[PDB]
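Results of the structural survey
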Amino acid sequence: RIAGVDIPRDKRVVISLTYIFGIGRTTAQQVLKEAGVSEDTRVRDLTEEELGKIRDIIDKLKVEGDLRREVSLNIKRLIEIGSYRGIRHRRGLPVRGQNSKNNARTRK
Amino acid sequence: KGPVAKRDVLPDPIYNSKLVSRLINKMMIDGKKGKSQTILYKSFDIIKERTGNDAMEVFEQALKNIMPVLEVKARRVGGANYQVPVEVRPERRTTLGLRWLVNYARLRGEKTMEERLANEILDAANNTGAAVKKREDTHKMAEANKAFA
Amino acid sequence: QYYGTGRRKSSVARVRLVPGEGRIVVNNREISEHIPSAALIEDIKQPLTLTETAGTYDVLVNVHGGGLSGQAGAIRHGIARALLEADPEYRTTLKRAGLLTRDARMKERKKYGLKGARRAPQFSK
Amino acid sequence: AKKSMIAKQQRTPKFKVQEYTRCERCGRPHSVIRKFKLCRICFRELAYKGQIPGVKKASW
Amino acid sequence: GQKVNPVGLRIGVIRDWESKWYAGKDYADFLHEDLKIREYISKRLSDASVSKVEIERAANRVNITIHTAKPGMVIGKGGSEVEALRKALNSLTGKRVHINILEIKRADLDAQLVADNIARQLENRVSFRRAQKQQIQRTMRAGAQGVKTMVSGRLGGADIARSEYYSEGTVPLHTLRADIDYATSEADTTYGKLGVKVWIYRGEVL
Amino acid sequence: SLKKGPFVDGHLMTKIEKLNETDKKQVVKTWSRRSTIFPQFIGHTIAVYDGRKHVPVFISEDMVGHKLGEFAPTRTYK
Amino acid sequence: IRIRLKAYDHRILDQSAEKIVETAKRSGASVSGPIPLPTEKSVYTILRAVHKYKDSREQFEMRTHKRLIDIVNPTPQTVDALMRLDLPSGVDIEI
RNA sequence: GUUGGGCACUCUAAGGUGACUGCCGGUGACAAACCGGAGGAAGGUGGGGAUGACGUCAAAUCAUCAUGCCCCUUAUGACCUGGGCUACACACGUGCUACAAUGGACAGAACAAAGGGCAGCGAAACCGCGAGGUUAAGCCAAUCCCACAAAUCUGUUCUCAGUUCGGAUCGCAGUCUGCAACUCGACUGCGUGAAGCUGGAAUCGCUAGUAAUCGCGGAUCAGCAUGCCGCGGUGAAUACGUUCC
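This deposited entry lists cryo-EM as its structure determination method and 3.1 Å as its resolution.

Put into structure tokens, the structure is as follows:
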């Protein structure tokens, strides 16, 4: 399926494309204008023309494994160079500058 | 101190009843009479459609099935924890009926409270239903504790 | 042109009852064009239904302030006042219905140390 | 540290963002009202002593 | 946590503003200029027993009225008093100062001078019963429908400091038409700091 | 810091350009932590003041888009 | 000639309003009356206590109310009368 | 409502009038008072506020201030930069956001009060997806601006799932303020999307324009608000009663 990962057949296109790692709502609406599917179809109901345009538009976009590997490269970069922000990446303490005597409970 | 009383508004533009606007003021979440009026009239239009009757009489029949004669109050003397049954005065009969309609309707679960209130009125009409479990159980609690009156 | 002012909940309506057939005109718009939720439409019509005023005056209303139910209260109060100025007769009917009260239930002033003019924040021992 | 800190505020610092509001009657920052150029407690005292020509007790 | 000061409570009902003008563009600056004025004039005439200073602001001009309860200590020989008073104010403010000095007949009804008269006697080591009772007789004969003098601090007694009420007549702090003079004064004695609070119910307006 | 430029202090820029006009030298004791890293800093070992000591850090190709005080935590913890 | 008095007391501003009203009315300037204009008031809420007690406050109020005076006919006798009106510091004439 | 025109109306802000158990009937001692009625905008201190008695806790404040005594003095005082008061395994008060169809998203229509603005408020136009940006009108303000109110109502859409719920966290790219946003700012844009499906023992608030909910405003302040202080919008449920805490 489209980027090597599924989209659900029984949703609309705008939100079935959200389940691809790298496309949210607004890049999905930027796609389907360029593709011309008019945002009101199931993806169980498309044509091979109409879904192939979606495929190669997304092939032009930085989506599936590129995003994960490059964001891991950024995180490993500022872990390895030193970089207190990567120290927060490592330890499980919040990165953006946030109080830690209380919650900080996404990270530990 | 002494007892204080309250008021309520007479009509509804369709279904001209006091108590139906009393149900409108009930089930109001966060100060929205508009949403409760929409839920109520769309529900009664379902009750007029799904059963070919006027929904006023079905609604009063559902009320008559739910309105409890006997609450069971509390009375703890010593270490006893007795519950004591009370003949309910009819204002509280109507308002306990409306609470049980509203609570067990939204506790049921369907694809709008339009449908839940409609099906809860349709169940409380032909008495077997979810709020009428609470009606029956309160009368059973009064039946068990009848030794005190 | 009988004229009456109605005040309700920081809203003021100016109801002029012209001799007509029953059109109510709220700021050059009509009723449901400006007031939805027809419980307000039946409540706004109650002085005109208690005494028989059903099709004998068109209504022209200049409203400002408050919200839509506040404007409903201001319009019905202005109707009852201008409709007393029309005929002094049925003042007992309006007074038994309210309609010469101007419900003075203004929203209370917030107090210090309270959240919302009665609300205490939360108590912990 | 009072007369030193008052004197330092009465100076012009290196930068305008180092500039902060201060008492003018009873030396402290934290709650100097911009209109009166006065500390909060000193405003209550003087406004009680019939000075500060606008302010009386508020009620509405 | 106790009583609101009655001076600040009856501002804008019957008791006027001391400082009377209108704000133009330097309201803070006019205020603190007048605070410097009142400090300077109350320090200089705390010998000459001045109670209250009312300041005007009259388009580059300031009319200061002064309630003293004696004229000829403060207007004096005529020349010297107005020289040393208007001249230094014209300097330390920077513009014209006019000085009008109203004299308080019945010097024992103005609570600032009364509280200072009790404070000086504590500093003159007069006993703290004699000060308040003597002054209450003086005020109630000078004509007042009630007086209350309350002194607190170390009264010459070391490890316990307590408050002392003396009063005669009605001092009704809750009647909002009262015309009550309230005034504090402080007395720095060898044992510490004493606080004199005098307030004089003088009569109400119908 | 958007389109006005990057930020550095003028004194640290002066010291680094004196260091760069001939060749590298010993560490630069520098209290400025606020300053970004220009690409012309790379190789210059500089001593950032953490609050109580001067920590030496050697600047690389990656350590550019950040600032100096990212390479000196100020709070010791366990 | 649009004199907007603004004061802290209503009685002082009323006195200084009808003084301009009468002195311009006596020399034929056709005085439109003292139009009372909405007050700008400010409320300053303050912790009563020195140190603690955020719950213990006191609210203070500063009202400045203003009234508008217009002089329509030229009549420079009225202007010479206004220039010698000595009315106190409370009111702030601004023509 | 722009103009001419008008002070009728709203509004504004001054002086008033006005509600006092005053009048009726009833009870009670005939009193004091109480229950209902008529009038009335207002009915029984009409709603609120301000007002906080003698004193209680050697309560709190020597850090707002002033202070007696004791201590320091080329330092327990002063300047300067950098950090910290934002640490974090843990507990714990107060709050905000949700867990969803009375919902979410998208489009249309309306209704407010109160307050702020002079080196400040800043229209309109232009550009930028957006945060915002450039030139600049008007405004020392019932004029002009902040200021395009939001829940709401009306159509379209999903269909009961960890989702078209929720937004944490985080990467990248930006914007504004300011010497400077690394520790340590708010906001935007793209993307990732977590715990959470209404909460154990226990426990809190509220008697009416109140609680619940929705936005707006202002102090503080260059910038930082989920806090506080006010404002309106919609707007309930119940009080048998004093058995118990």
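Take the arrangement of the chains next. Contacts are most numerous between chains D and E, taken over all 7 pairs of chains that touch. With respect to C-alpha atoms, chain A approaches chain E no nearer than 36 Å, and the pair has no contact.

Side chains three or four residues apart in an α-helix point the same way, a direct result of the helix having 3.6 residues per turn. Residue and element names in this part refer to chain E. The end-to-end C-alpha distance of helix α4 (residues 111-123) is 18 Å, a good match for the 18 Å that 13 residues give at a rise of 1.5 Å each. Restricting attention to buried positions, one finds in α4 the residues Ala111, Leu113, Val114, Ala115, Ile118, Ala119 and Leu122. Where α4 terminates, the next one or two residues include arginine 125, which has phi positive at roughly 70°.

When the sulfur atoms of two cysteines share a covalent bond, that bond is a disulfide. Residue and element names in this part refer to chain D. For the structure on display, the rule yields 1 disulfide over all chains. Covalent S-S linkage joins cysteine 26 and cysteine 42, the inter-sulfur distance amounting to 2.0 Å. A residue pair is termed long-range when its members are at least 10 positions apart, and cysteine 26 in the loop between α1 (3-10) and β1 (32-33) and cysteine 42 in helix α2 (residues 40-48) qualify at 16 residues. Considering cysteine sulfurs only, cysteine 26 is the nearest to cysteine 39, which forms no disulfide, with 4.0 Å between them.

Now for the interface of chain D and chain E. Each partner contributes residues to the interface: chain D has 18 residues there, and chain E has 18 residues. Summing both sides of the interface, chain D and chain E together bury roughly 1,700 Å²; the carbon and sulfur share of this comes to 61%. It is D:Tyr48, D:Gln51 and D:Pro53 that lose the most area in chain D upon contact with chain E, and together they represent 37% of the buried surface on that side. Viewed at the interface, chain E and chain D are joined by 1 salt bridge. The partner of D:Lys37 in a salt bridge is E:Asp29, and the shortest N-O contact between them spans 3.7 Å. Joining chain D to chain E, the criterion identifies 6 residue pairs in polar contact. Contributions of two or more residues to the side of chain D that touches chain E are made by α2 and β3 (55-57) of chain D. The residue makeup of the side of chain D that touches chain E, split by class, is 8 nonpolar, 3 polar and 7 charged.

Below, the discussion takes up the protein's contact with RNA strand H. The immediate surroundings of RNA strand H are formed by 168 residues, with C:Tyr3, C:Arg7, D:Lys8, D:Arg34 and F:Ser1 found nearest. At the protein interface, 78% of the atoms of RNA strand H within 4 Å belong to sugar or phosphate. For RNA strand H, a sugar or linking oxygen lies 2.7 Å from a polar atom in the backbone of B:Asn25. Taking C:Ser124, its side chain carries an N or O atom lying 3.4 Å from a sugar or linking oxygen of RNA strand H. Considering every element that reaches the surface near RNA strand H, the biggest residue donor is strand β2 (residues 32-47) of chain G, with 7 residues. For the surface near RNA strand H, a count of residues per class yields 51 nonpolar, 52 polar and 65 charged.

Taken as a whole, the second largest pocket encloses approximately 1,400 Å³ of empty space. Lining the second largest pocket are 40 residues, with B:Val9, B:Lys33, C:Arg8, C:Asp43 and C:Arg105 positioned closest to its centre. Those elements that place two or more of their residues in the lining of the second largest pocket are α1 (18-25) and α2 (33-50) of chain B together with α2 (39-43), α3 (46-50) and α4 (68-86) of chain C. Looking at which element gives the most residues to the lining of the second largest pocket, the answer is α4(C), with 6 residues.

Moving on: the sheet that holds strand β1 (residues 52-55) of chain E. Residues and elements named next belong to chain E. Strand order in the open sheet made by the 3 strands is β1-β2-β3, with mixed pairing throughout. Because the sheet does not close on itself, it has two edges, and the strands there are β1 and β3 (96-102). Within this sheet the neighbouring strands show an average axis-to-axis angle of 20°, counted without direction. Packed on one face of the sheet, helix α2 (residues 27-44) meets β1 and β2 (61-67) and runs near 150° to β1.

This part covers the interface of chain G and chain E. Counting from both sides, the interface comprises 9 residues of chain G and, opposite them, 8 residues of chain E. Taking both sides of the interface into account, the surface hidden between chain G and chain E amounts to around 760 Å²; carbon and sulfur atoms contribute 51%. Area buried by chain G at its contact with chain E is led by G:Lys6, G:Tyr8 and G:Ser89, which between them contribute 61% of it. Linking chain G to chain E there are 0 salt bridges. At the surface where chain G touches chain E, the tally comes to 5 residue pairs in polar contact. Contributions of two or more residues to the side of chain G that touches chain E are made by β1 (2-7) and β3 (57-70) of chain G.

Moving on, we get to the packing of α2(B) against helix α5 (residues 113-125) of chain B. All names here are of chain B. The N-to-C vectors of α2 and α5 enclose an angle of 50°; their axes lie 8 Å apart at closest approach. By the criterion of interaxial angle, the relationship of α2 to α5 is oblique. In the crossing of α2 with α5, the sense of the turn from one axis to the other is right-handed. Only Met113, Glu114, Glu115, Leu117, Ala118, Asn119, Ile121 and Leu122 of α5 make contact with α2, whose side of the interface consists of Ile39, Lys42, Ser43, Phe44, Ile46, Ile47 and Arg50. Looking at the contact of α2 with α5 residue by residue, the classes come out as 9 nonpolar, 2 polar and 4 charged.

Now for the sheet that holds strand β2 (residues 11-18) of chain C. Residue and element names in this part refer to chain C. The 4 strands are arranged β1-β2-β4-β3 in an open sheet whose pairing can be described as mixed. The sheet terminates laterally at β1 (2-7) and β3 (24-26), the two strands that pair on one side only. On average, adjacent strands in this sheet sit at an angle of 20° to one another, irrespective of strand direction. As paired elements, β3 and strand β4 (residues 58-65) share 3 bridges and run parallel to each other.

Here the focus is the packing of aromatic side chains. Two measures describe an aromatic ring pair: the distance that separates the ring centres and the angle between the ring planes. Scanning the model with the defined rule gives 14 aromatic pairs over all chains in all. Note on B:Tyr15 and B:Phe44: the rings are 5.4 Å apart at their centroids and 40° apart in plane angle, and the pair reads as tilted. Here B:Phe44 lies in helix α2 and B:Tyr15 lies in the segment before α1, a separation of 29 residues in the sequence. For the pair B:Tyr15 and B:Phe44, one class covers both residues: buried. Between the aromatic rings of B:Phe44 and B:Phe59, the centroid separation amounts to 5.4 Å while the plane-to-plane angle is 85°, which identifies the pairing as edge-to-face. Within this pair, whereas B:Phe44 is found in helix α2, its partner B:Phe59 is found in helix α3 (residues 55-66), the two being separated by 15 residues in sequence. On the accessibility criterion, B:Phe59 (2% relative accessible area) is buried. By the ring-pair criterion, three or more aromatic residues cluster together here, those being D:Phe36, D:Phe43, D:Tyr48, E:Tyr27, G:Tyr44 and G:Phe60.

To continue, consider the nonpolar core. By size, the foremost hydrophobic cluster in this structure holds 37 residues, and its most contacted members are D:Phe36, D:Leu38, D:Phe43, D:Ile52, D:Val55, E:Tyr27 and E:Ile64. At 6 residues, α2(E) tops the list of elements feeding residues into this core. Those residues in contact with D:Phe43 that lie beyond four places of it in its chain are D:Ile33, D:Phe36, D:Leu38, D:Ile52, D:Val55, G:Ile46 and G:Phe60.

On to the packing of helix α4 (residues 90-108) of chain B against helix α6 (residues 131-144) of chain B, then. Residues and elements named next belong to chain B. For the pair α4 and α6, interaxial distance at closest approach is 8 Å and the crossing angle is 130°. The angle between α4 and α6 places the two elements in the oblique class. Judged by residue contacts, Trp100, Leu101 and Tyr104 of α4 engage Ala131, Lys134, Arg135 and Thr138 from α6.

About the thresholds
Residues numbered from 1 in each chain as written, not as in the entry; some residues may be left out. Chains lettered and ligands numbered in written order. Part of a larger assembly, values for the part shown. Heavy atoms only, no water. Contact = heavy atoms within 4.5 Å. Helix = DSSP H or I, 4+ residues; strand = E, 2+ residues; numbered from the N terminus. Expected span 1.5 Å × (residues − 1). Buried < 20%, exposed > 50% of the residue type's maximum accessible area, 1.4 Å probe, protein only. Disulfide = S-S within 2.5 Å. Buried area = accessible area lost by both parts, 1.4 Å probe. Salt bridge = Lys/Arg side-chain N within 4 Å of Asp/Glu carboxyl O. Polar contact = N/O pair within 3.5 Å; in protein donor to acceptor, adjacent residues only side chain to side chain. Nonpolar A, V, L, I, M, F, W, Y, C, P; charged D, E, K, R; others polar. Near = heavy atom within 4 Å. 1 Å grid on protein atoms, 1.4 Å probe; cavity = no way out; pocket = protein on both sides within 12 Å on 5 of 7 lines; lining within 4 Å. Points joined across faces, edges and corners; volume = space filled by probe spheres on them. Pairing = 2+ DSSP bridges. Axes fitted to C-alpha atoms, helices over the stretch in contact; angles between N-to-C directions. Parallel < 35°, antiparallel > 145°, perpendicular 65-115°, else oblique. Left-handed = near helix turned anticlockwise from the far one by under 90°. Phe/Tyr/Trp six-rings, centres within 6.5 Å; stacked < 30°, edge-to-face > 60°. Core = buried A, V, L, I, M, F, W, Y, C linked by side-chain atoms within 4.5 Å.

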